Amino acid sequence: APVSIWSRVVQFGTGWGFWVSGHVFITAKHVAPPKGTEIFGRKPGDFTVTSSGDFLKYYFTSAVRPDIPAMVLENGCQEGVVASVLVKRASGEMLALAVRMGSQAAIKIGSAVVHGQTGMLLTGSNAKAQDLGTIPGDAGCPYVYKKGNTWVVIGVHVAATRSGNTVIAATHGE
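- Judging from the entry metadata, X-ray crystallography is the method by which this structure was determined, and 2.3000 Å is the reported resolution.

Below is the structure:
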């Protein structure tokens, strides 16, 4: 009966994004298509767009996906929480990566300080040797966890370190 969580993750621009609800879609700003692109067969004027750092939210005034009930969105989680990154690949593969969430920490470079949260993959020290870490292009995939019985989404993937153990999620509530 209930909608799979994976079905909320869809391809978008040069990465992916997540239906929080029937009206709300989120992604990483740096993978999105240009301002004024028709998306999901919608014109500009059918939606409003808000962004904090590399977090990007579309709100469609008329629901795009009535089938999908609203999920609690949060601005990160308590540190130490084990969340999952729901990574889809263009091959079709779906990889849920366990990640221990670190501290809310904000850096690309100086004078362009974007905000998010780090975590370490629980996939081990040699995640990229195993084809079990992320790649750029997984950007936009969601980070989620289960608080009690309730599911909640906390951010979207932006990047990983060279040796892929540390990952970075963009956050906010909007």
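Further notes follow.
Thoughts on the pairing of strand β9 (residues 116-121)
Walk down a regular strand and you will see the side chains alternate between the two sheet faces.
Here is step 1 of the chain: Where strand β8 (residues 94-104) and β9 come together, 4 bridges link them in antiparallel fashion. When the bridges of β9 are listed, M101 appears paired with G119.
Here is step 2 of the chain: Strand direction decides the pairing type here: β9 and strand β12 (residues 166-170), joined by 5 bridges, are antiparallel. Each residue of the ladder has a partner; that of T118, found in β12, is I168.

Describing the sheet that holds strand β5 (residues 55-60)
Here is step 1 of the chain: Read from one edge of the open sheet, 5 strands run β1-β2-β3-β5-β4, paired in antiparallel fashion. Whereas interior strands pair on both sides, the edge strands pair on one side only; in this sheet they are β1 (9-12) and β4 (47-52). With direction set aside, neighbouring strand axes in the sheet form an average angle of 25°.
Here is step 2 of the chain: Relative to strand β2 (residues 15-19), β1 runs antiparallel, the two being bridged by 4 bridges. Bridging from a neighbouring strand, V9 pairs with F18 of β2.

Some thoughts on the state of the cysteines
Every disulfide links exactly two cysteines, by a covalent bond between their sulfur atoms.
Here is step 1 of the chain: Counting across every chain of the model gives 0 disulfides.
Here is step 2 of the chain: Sulfur of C77: no disulfide; nearest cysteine sulfur belongs to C141 and is 17 Å away.
Here is step 3 of the chain: By relative accessible area, which is 9% here, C77 ends up buried.

Remarks on the pattern of salt bridges
Here is step 1 of the chain: The final tally for this structure, using the stated rule, is 3 salt bridges.
Here is step 2 of the chain: A salt bridge links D67 to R65; its shortest N-O distance comes to 3.6 Å.
Here is step 3 of the chain: The partly exposed category is assigned to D67, whose relative accessible area is 47%.
Here is step 4 of the chain: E74 is the partner of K147 in a salt bridge, and the nearest nitrogen-oxygen pair spans 3.7 Å. Remark: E74 occurs in the loop between β6 (72-73) and β7 (82-88) and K147 occurs in strand β10 (residues 142-147); sequence separation between them is 73 residues.

Basis of the calculations
Residues numbered from 1 in each chain as written, not as in the entry; some residues may be left out. Heavy atoms only, no water. Pairing = 2+ DSSP bridges. Helix = DSSP H or I, 4+ residues; strand = E, 2+ residues; numbered from the N terminus. Axes fitted to C-alpha atoms, helices over the stretch in contact; angles between N-to-C directions. Disulfide = S-S within 2.5 Å. Buried < 20%, exposed > 50% of the residue type's maximum accessible area, 1.4 Å probe, protein only. Salt bridge = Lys/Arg side-chain N within 4 Å of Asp/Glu carboxyl O.

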